[PDB]
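For neighbour counting, all protein chains shown are included, and Cβ atoms are generated from backbone atoms with ideal geometry for every residue, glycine included. No lab work stands behind these numbers, since they all come straight from the coordinates.
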Amino acid sequence: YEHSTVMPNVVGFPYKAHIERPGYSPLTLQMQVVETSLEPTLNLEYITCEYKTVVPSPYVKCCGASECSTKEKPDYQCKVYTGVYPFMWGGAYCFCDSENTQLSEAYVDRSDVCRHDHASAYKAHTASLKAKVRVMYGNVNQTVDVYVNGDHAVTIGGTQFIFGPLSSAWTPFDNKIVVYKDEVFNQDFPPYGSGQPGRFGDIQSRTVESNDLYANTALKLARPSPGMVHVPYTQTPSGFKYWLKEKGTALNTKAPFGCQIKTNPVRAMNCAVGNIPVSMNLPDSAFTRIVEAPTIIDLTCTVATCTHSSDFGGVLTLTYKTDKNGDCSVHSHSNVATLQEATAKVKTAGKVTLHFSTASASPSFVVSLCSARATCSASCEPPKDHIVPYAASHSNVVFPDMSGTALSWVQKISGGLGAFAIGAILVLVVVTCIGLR
Amino acid sequence: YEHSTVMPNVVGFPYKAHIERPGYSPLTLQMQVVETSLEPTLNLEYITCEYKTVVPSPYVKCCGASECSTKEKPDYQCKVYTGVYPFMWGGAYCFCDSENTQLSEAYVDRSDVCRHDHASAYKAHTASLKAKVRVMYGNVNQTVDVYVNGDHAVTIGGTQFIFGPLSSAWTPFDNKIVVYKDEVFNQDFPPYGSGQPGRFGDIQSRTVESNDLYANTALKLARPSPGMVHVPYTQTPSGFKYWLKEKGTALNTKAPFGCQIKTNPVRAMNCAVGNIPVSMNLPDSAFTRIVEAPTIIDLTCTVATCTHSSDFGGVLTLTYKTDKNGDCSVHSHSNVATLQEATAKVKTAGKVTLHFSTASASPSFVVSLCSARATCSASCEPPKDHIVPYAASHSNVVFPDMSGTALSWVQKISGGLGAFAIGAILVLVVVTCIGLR
Amino acid sequence: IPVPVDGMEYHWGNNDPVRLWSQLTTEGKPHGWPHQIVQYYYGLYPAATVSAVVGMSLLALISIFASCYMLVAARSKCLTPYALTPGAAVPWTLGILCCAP
Ligand SMILES: *[C@@H]1O[C@H](CO)[C@@H](O)[C@H](O)[C@H]1NC(C)=O
Ligand SMILES: *[C@@H]1O[C@H](CO)[C@@H](O)[C@H](O)[C@H]1NC(C)=O
Ligand SMILES: *[C@@H]1O[C@H](CO)[C@@H](O)[C@H](O)[C@H]1NC(C)=O
């Protein structure tokens, strides 16, 4: 047997599906999602960290001269200064008054710990939902991992389920993101090979073990001060260290729908958007013959109490005449009210009680026993507690029922006005028809 | 200096860019695509290969009875046959004539070489262009591997180049593709966990080294013949081997625009579609002060022989009056004719001859030397060879030039008709004004 | 800090984040006199309730005015021929119903 329903994508909501198949007694299947994941696909653009300036011992040539030599290093600089007199220590280090030159060179490398402390610039494309659902019906109770697309098919006690694609294409991530230790930033990083000094990505590398090392750090050598051996230079400080202060607020702190942005596999756990279409193919043995189920006649529904709070703040009672002791499956055919139970024990003493949840002042819904249908109307009252530590057990349907307290007044007033209008119309029409001829 | 052009995505087409910076002599920069790759991003769905049926030795209990226990193996069958008399060999193997049960058992395993040959089912998303361009100007001769998106920036001899996103989002791959050894199929494989017997996907597995093994091979276990030990069964043959026979024509055989679908990293190399925007940042050392540039006076262009073939079928000579020797830079300001040379040689008293390529009977285009200019017109005869082994060195611009042979006839005829029409207009106006008196 | 019906979350120190929600509490009586019901719904949804009440009041006044105008026109049509006749002997019974001087 083939059946298709739509369940909301909210974690913890107890969803219940009713299957009515000719020849058998109705089946109620309860099935709720226990967690959700949403992983984008990531293309690594480059890797950035803090740099390390390499500065070797200067070359001094007493009574001589030198020549600058280009090299393959990143941000490499080299200069030769014309007349020096170093005075190394306990002496002058040259016997040569004015014909001495110093060779000063420096270049930029990667930090010795860049494989531990670095950030990664990514590009995020279409993500894939991946849920975890608990299915309960009859006497099976099992939770399974699925992919929320039309592809993955799972089996639970002989029934096949396909949890169709999410109705929403929303995603918390942008095109470009930056991922540090445990947090994610919707950031717009520089192009590769065009980084700038003192800002994020002033040195770049395609991977951790890559060997390119673009570097733009504004390194610059300076002439040594007269009488001492040293190699002065100036250089803009690290842009990774600047970013580690001025980065801003992470996606972790500000994510819509209560997404929980998580670790190494970049994912958004437990967002609350959209609906999940699901189609099931139940075996023939999962149902009960009508001749083997109790017969319910003269079903009547009366509501004991009614408080439209977040939890199950209503109680209703059903009175009936039965023929034998058995189990019946209960269902609410409107989403104004959410039953807590999926089945009930039916006994000769025709009384059964169920708890439901609603958010309306005057709910009105049809409840069903195994082979019975009845209408339940109520008058709920608002709660007194302002704040609660849990989420609502209902779909937030507020509009009052027709023939409730609030809408009965509208009906009566509209009836009075309409009666007056039709009386006026009849008077005018009769007068005009009589006076015409 | 910043300059931006648009080059076509055609491998081997010689493209030439013109840069005209005030205060400097114009510079012609030529750059051509050498290679092209277009790689999608793939999400592996599952793995399929040939299966293996495992049939252990049957268990025969003489003078007793057996009972069968279900296991968790894929496609597992177990059956008990009540009255047997096996007759093992040189004997009967049992004493009781009718109280003897055989326990038959079989299941399905993944092949021994499933890691050495199998088919992967993927899902293909947005692809990334990645070209290999050779740039030439002045004395530089380099080819760079670059990513064709607005991001990657690269420097060739001091000039920074950025090759922008392609103008079209065409891809040769579908949403679902199957990858066998070296060939790619645009095929719509079954969902995971819903494969059918005898067809591609009768056994599935998420990864080569995974341990799930969904199997649906229609295994079925039969009753042994009297007096003989054997496990008879029937089963549908492998769907992977069936697919290898009836898999169709690969994407390699049919693929638009001359794509060459290639190996392990699934890519579509050397397709010819779209344009590539380019942006460069030239230094001052690239140009030449307009003082050094020879001054060209009285430039005239005349075409000796022209045929509009695929190669450089045209020849033109420029006559000029100069003041000094040097190297100018030529350019064609209309894509109706494509020049072969970038730089010329201006001599003290002489001409310069250049070859061009066209597809039009009567092309008209403007050719420039260092800073002078001229207009060229020609009459071109069609080629003789029907078929050539190389692609056109031009853009297929066939519309002729106004004042050409074919259009001047229309000019004269329409002018005569217009003269007749305006004469008639004047005659009618004169008549209707003279009679107005 | 605001706690809508959608929910709210706060994180304080090295403790785990805490989530709170808001119930549909209000002032007034859902089943009372019409002003009490109006006050209840204004407690839940102020702007929507104001808009709905104003719209319904405008519609009711429009209906009343249209009906009264139609009776006025009908009385005019029934009584005006007698105002043209020189004799002008209006029946007293029809004067009673239509308030004829
Ligand atoms: C020794 O000193 C003289 C000048 O004092 C200098 O020209 C010469 O190069 C020096 N030789 C060595 C080996 O240092
Ligand atoms: C289903 O099994 C889980 C596993 O512990 C249990 O927590 C849950 O209460 C069970 N459901 C029912 C209805 O018994
Ligand atoms: C250098 O450029 C010339 C064209 O002028 C080309 O033929 C040659 O292949 C280039 N050099 C190399 C090593 O490819």
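Between A:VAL33, A:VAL55, which is surrounded by fewer than 17 Cβ atoms within 10 Å (Cβ to Cβ), more than 16 Å from ligand 3 (Cβ to nearest atom) and either more than 14 Å from chain B (Cβ to nearest Cβ) or more than 30 Å from A:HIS331 (Cα to Cα) (or both)?
Details: A:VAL33 fails: surrounded by fewer than 17 Cβ atoms within 10 Å (Cβ to Cβ).
When all the criteria are applied, what remains is A:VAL55.
Would you pick out the residues in segment A:171-199 that are part of a strand (DSSP E or B) and within 30 Å of B:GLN160 (Cα to Cα)?
Within segment A:171-199, A:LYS176, A:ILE177, A:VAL178, A:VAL179, A:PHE185 qualify.
I'm trying to understand the selection: among the residues of segment C:65-82, which are under 24 Å from the mean Cα position of the chain (by Cα) and more than 7 Å from every other protein chain (Cβ to nearest Cβ)?
Residues of segment C:65-82 that are under 24 Å from the mean Cα position of the chain (by Cα), as a first pass: C:65-71.
Listed by number, the residues that qualify are C:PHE65, C:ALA66, C:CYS68, C:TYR69.
With the requirement that a residue be facing another protein chain (nearest Cβ under 7 Å), in a strand (DSSP E or B) and touching a residue at least 40 places away in the same chain (Cβ under 8 Å), what does segment A:368-412 give you?
Once the filter is applied, which keeps residues that are facing another protein chain (nearest Cβ under 7 Å), in a strand (DSSP E or B) and touching a residue at least 40 places away in the same chain (Cβ under 8 Å), segment A:368-412 yields A:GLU381, A:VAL388.
Pull out all pairs, ordered by first then second residue, where Cβ-Cβ is under 9 Å, the residues are six or more apart or on different chains, the first lies in segment B:340-353 and is of a type in the set (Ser, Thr, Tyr), and the second is loosely packed, with under 12 Cβ neighbours inside 10 Å.
As it stands, the answer is B:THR348/B:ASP323; B:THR348/B:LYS324; B:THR348/B:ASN325; B:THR353/B:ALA304, since those pairs meet every condition given.
With the condition kept exactly as written, say whether any residue in segment A:163-173 is within 16 Å of ligand 2 (Cβ to nearest atom) and within 14 Å of chain B (Cβ to nearest Cβ). Explain how you work it out, then say what you get.
Initially, segment A:163-173 is screened for residues within 16 Å of ligand 2 (Cβ to nearest atom), giving none.
Checking segment A:163-173: not a single residue is within 16 Å of ligand 2 (Cβ to nearest atom) and within 14 Å of chain B (Cβ to nearest Cβ).
Consider B:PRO14 carefully, then state whether it is under 53 Å from the mean Cα position of the chain (by Cα), without any contact (Cβ under 8 Å) to a residue 40 or more places away in the chain and more than 30 Å from B:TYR122 (Cα to Cα).
It is false that B:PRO14 is under 53 Å from the mean Cα position of the chain (by Cα), without any contact (Cβ under 8 Å) to a residue 40 or more places away in the chain and more than 30 Å from B:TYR122 (Cα to Cα).
What tally of residues in segment B:260-281 results from selecting those that are in a strand (DSSP E or B) and without any contact (Cβ under 8 Å) to a residue 60 or more places away in the chain?
Counting residues in segment B:260-281 that are in a strand (DSSP E or B) and without any contact (Cβ under 8 Å) to a residue 60 or more places away in the chain gives 1.
Residues to consider are B:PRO383, B:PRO400, B:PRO363; find the one that is surrounded by 10 or more Cβ atoms within 10 Å (Cβ to Cβ), in contact with a helix residue (DSSP H, G or I) (Cβ under 7 Å, 6 or more places away or on another chain) and within 30 Å of B:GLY12 (Cα to Cα).
B:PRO400
Just checking, how many residues over segment B:225-255 are closer than 11 Å to B:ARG199 by Cα and either hydrophobic (A, V, I, L, M, F, W, C) or more than 29 Å from the chain's Cα centre (by Cα) (or both)?
9
Conditions: (1) without any contact (Cβ under 8 Å) to a residue 60 or more places away in the chain; (2) in contact with a helix residue (DSSP H, G or I) (Cβ under 9 Å, 6 or more places away or on another chain). B:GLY201 meets all but one. Number of the miss?
The single condition B:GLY201 does not satisfy is (1).
Can you tell me which residues in segment A:338-367 are within 14 Å of chain C (Cβ to nearest Cβ) and in a loop (DSSP other than H, G, I, E, B)?
Of everything in segment A:338-367, those that are within 14 Å of chain C (Cβ to nearest Cβ) and in a loop (DSSP other than H, G, I, E, B) turn out to be A:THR358, A:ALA359, A:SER360, A:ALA361, A:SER362, A:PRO363.
From the residues in segment A:59-74 that are more than 14 Å from chain B (Cβ to nearest Cβ) and closer than 18 Å to A:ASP212 by Cα, which one is nearest to ligand 1 (Cβ to nearest atom)?
Once the filter is applied, the top-ranked residue is A:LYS71.
Condition check ((1) of a type in the set (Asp, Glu); (2) part of a loop (DSSP other than H, G, I, E, B); (3) surrounded by 12 or more Cβ atoms within 10 Å (Cβ to Cβ)) across all residues:
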{"site": "A:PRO226", "(1), (2), (3)": "no, yes, no"}
{"site": "A:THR236", "(1), (2), (3)": "no, yes, yes"}
{"site": "A:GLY248", "(1), (2), (3)": "no, yes, no"}
{"site": "A:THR300", "(1), (2), (3)": "no, no, yes"}
{"site": "A:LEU316", "(1), (2), (3)": "no, no, yes"}
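Going by the conditions given, is A:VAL427 surrounded by 13 or more Cβ atoms within 10 Å (Cβ to Cβ), touching a residue at least 40 places away in the same chain (Cβ under 8 Å) and of a type outside the set (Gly, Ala, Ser)?
Spelling it out, it is not the case that A:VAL427 is surrounded by 13 or more Cβ atoms within 10 Å (Cβ to Cβ), touching a residue at least 40 places away in the same chain (Cβ under 8 Å) and of a type outside the set (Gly, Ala, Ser).
I want to confirm something. Restricting to segment B:149-160 and keeping residues that are buried (at least 19 other Cβ atoms within 10 Å of the Cβ) and closer than 17 Å to B:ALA17 by Cβ, which single residue is nearest to ligand 2 (Cβ to nearest atom)?
Of the residues in segment B:149-160, the ones buried (at least 19 other Cβ atoms within 10 Å of the Cβ) are B:151-154, B:156, B:159.
Narrowing further to those that are closer than 17 Å to B:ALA17 by Cβ: B:154, B:156, B:159.
Working: B:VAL154: 58, B:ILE156: 65, B:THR159: 67 Å.
My answer is B:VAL154.
Name the single residue, out of those in segment A:46-58 being in contact with a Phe, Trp or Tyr (Cβ under 6 Å, 6 or more places away or on another chain) and either within 16 Å of ligand 1 (Cβ to nearest atom) or not β-branched (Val, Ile, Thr) (or both), that is farthest from A:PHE173 (Cα to Cα).
Step by step, filter segment A:46-58, then rank; the result is A:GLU50.
One line per residue, one yes/no per condition, for (1) away from ligand 3 (no atom under 16 Å from the Cβ); (2) in contact with a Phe, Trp or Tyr (Cβ under 9 Å, 6 or more places away or on another chain); (3) among the small types (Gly, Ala, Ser); (4) touching a residue at least 24 places away in the same chain (Cβ under 8 Å):
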{"site": "B:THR126", "(1), (2), (3), (4)": "yes, no, no, yes"}
{"site": "B:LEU129", "(1), (2), (3), (4)": "yes, yes, no, yes"}
{"site": "B:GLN142", "(1), (2), (3), (4)": "no, no, no, no"}
{"site": "B:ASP151", "(1), (2), (3), (4)": "yes, yes, no, no"}
{"site": "B:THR155", "(1), (2), (3), (4)": "yes, yes, no, no"}
{"site": "B:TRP170", "(1), (2), (3), (4)": "yes, yes, no, yes"}
{"site": "B:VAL208", "(1), (2), (3), (4)": "yes, no, no, yes"}
{"site": "B:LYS220", "(1), (2), (3), (4)": "yes, yes, no, yes"}
{"site": "B:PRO224", "(1), (2), (3), (4)": "yes, yes, no, yes"}
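Would you please name the residue that is nearest to the other protein chains (Cβ to nearest Cβ), looking only at residues in segment A:125-142 that are surrounded by 15 or more Cβ atoms within 10 Å (Cβ to Cβ) and within 9 Å of ligand 2 (Cβ to nearest atom)?
The qualifying residue nearest to the other protein chains (Cβ to nearest Cβ) is A:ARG134.
Just checking, does segment A:103-120 include any residue being within 16 Å of ligand 2 (Cβ to nearest atom), more than 13 Å from every other protein chain (Cβ to nearest Cβ) and not basic (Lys, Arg)?
no
Being within 30 Å of A:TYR76 (Cα to Cα), away from ligand 3 (no atom under 16 Å from the Cβ) and among the charged types (D, E, K, R): is that true of A:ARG134 here?
no
Suppose the filter is away from ligand 1 (no atom under 16 Å from the Cβ) and more than 23 Å from the chain's Cα centre (by Cα); does A:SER111 pass it?
Yes; evaluated as a whole, the condition is true for this residue.
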